[PDB]
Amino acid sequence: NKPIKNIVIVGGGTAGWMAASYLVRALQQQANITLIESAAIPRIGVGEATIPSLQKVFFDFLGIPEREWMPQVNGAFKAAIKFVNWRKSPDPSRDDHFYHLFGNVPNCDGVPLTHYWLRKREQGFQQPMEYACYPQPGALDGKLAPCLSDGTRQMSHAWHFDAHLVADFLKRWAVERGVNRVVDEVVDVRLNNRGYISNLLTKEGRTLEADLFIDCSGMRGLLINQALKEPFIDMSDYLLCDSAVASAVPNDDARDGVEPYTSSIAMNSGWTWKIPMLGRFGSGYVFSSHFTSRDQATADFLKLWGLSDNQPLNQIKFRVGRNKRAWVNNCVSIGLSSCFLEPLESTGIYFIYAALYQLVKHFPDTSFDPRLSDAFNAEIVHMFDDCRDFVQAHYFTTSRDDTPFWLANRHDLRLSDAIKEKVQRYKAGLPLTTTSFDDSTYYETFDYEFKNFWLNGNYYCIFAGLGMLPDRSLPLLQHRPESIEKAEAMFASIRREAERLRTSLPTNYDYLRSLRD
């Protein structure tokens, strides 16, 4: 079979430029890559929060160290997501926050520390789970950097940045390596009688042909949805939000610092993200138009930040779900053309490079063996549905009952069998997936992470933070007092490390300034 020689990518957003740069890197020889992007159709870039695999799977693959790309996209550090007002009727007099941290909880004699923490809590211990089981949250409260001043990493972390600058950075990188860039707009897609894409007709009269087409056209799914008519599986029975009102807000970094984390602030009918960088934070009230008008959401959002009627707003809508198949015939959808999940756990750009990684793992020749795309499609389904369930798990486990939106989340969602099973194991007191690896190994072993994306620590951070605890601690632990004592020593180590970080890390603001102002 003849190899894929010509590849056309439609779209110049994060997805398109990730596709171009990843493919130019992966396909060392025999690949002519052309990216077409409209000057008249905006890209989506709201100020984006990311996860550690962005470096390990994407930028390492390209050979670009963090210190190289990060200042060029005005990047800032993210060590967690902090959830605010998710636990109860929010009360202005009560500190209701919890973190979802990156990295693994240690095990003690084959049992995660989360489980020894729960046993302690049963005996009256008051410290919240993540403060007991992770060394860094206090440091995040102090707004400290994830690294010592000399760059030595001290916690697992990822990044906040404007996705426009990332696309820009990658456009530059990809074009210097031979990606052909066409600024133009596809207006028509011709399919042959078998349903394979033949060519694209552009507004300026170009006809584009390729062996393989990558649809990075964004939510419109120009190729996959509009031309190939792949059904989009609407998942608004799983997740209620379908909208956002977003903006960027100046930050007084010198008086207030830069939070080394994304915040998710629960609202009446959704939640608001906060994504700090130097000088500004991006923020969006993600909402369900079924429970609040865009009008009321906008008022709620402005009021949250003390913003004025003169404040500019980005009024976004989205459909939650994914294509029935990401790759149909000679077209692979990547990015918003493939799926969307609300940014509650920073998985959007993850879906782009994880899908690109999978595409190269299932790379076709010009015969397009359906066994390859079928395998690829099943990986994407698992990747997305798994994240959808984890995100959904933040909603149906809420104890908030103070609005129709929160009541509908408690009562009216459709739950996969897979999520119910996990919730059942959790409530029984069983660990979810645990690894013996350290973080370095986990984040270096993408075939493992991709299939074991949400571990025990991730579920515990969310479920325990939300106030849903297991019915009881692990029965095994009643037979293991020595193991319980060793766990105490591990809790004491973690506390030592927290205290060392407190006095050793530079502020996130100072460290960011030091790298590049």
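In case it trips you up, residue 1 is the first one in the sequence shown, and so on.
Colleague: Taking the other PDB entries of this protein that cover both neighbours, check whether residue 69 lacks coordinates in at least a third of them.
Modeller: Across the compared entries, residue 69 is modelled every time.
Colleague: Thinking of the other compared PDB entries, is residue 472 one of those residues unmodelled in at least a third of them?
Modeller: Per the records, residue 472 is modelled in all the other entries.
Colleague: So, looking at the entry's B-factor column for Cα atoms, which has the higher mean, 229-237 or 87-95?
Modeller: Comparing averages over the C-alpha atoms only gives 87-95.
Colleague: Highest mean C-alpha temperature factor of the two stretches 269-277 and 440-448, which is it?
Modeller: Mean CA B-factor is higher for 440-448.
Colleague: Among 35, 51, 31, 462, where is the Cα B factor highest in this entry?
Modeller: The listed residue with the largest C-alpha B-factor is 31.
Colleague: Check the PDB entry and point out which of 284, 138, 71, 112 has the largest C-alpha temperature factor.
Modeller: Highest C-alpha B-factor among the listed residues goes to 71.
Colleague: If you rank the chain by CA B-factor, which third does residue 392 end up in: lowest, middle or highest?
Modeller: Tercile = middle for this residue's CA B-factor.
Colleague: By the recorded C-alpha temperature factor, relative to the other modelled residues in its chain, which third is residue 362 in?
Modeller: Its C-alpha B-factor belongs to the lowest third of this chain's values.
Colleague: Is the Cα B-factor recorded for residue 39 in the lowest, middle or highest third of its chain?
Modeller: For residue 39, the deposited C-alpha B-factor lands in the highest third.
Colleague: Could you tell me which third, lowest, middle or highest, the C-alpha B-factor of residue 382 occupies within its chain?
Modeller: For residue 382, the deposited C-alpha B-factor lands in the highest third.
Colleague: How does residue 354 rank on Cα B-factor within its chain, lowest, middle or highest third?
Modeller: Answer is lowest: the recorded C-alpha B-factor places it there.
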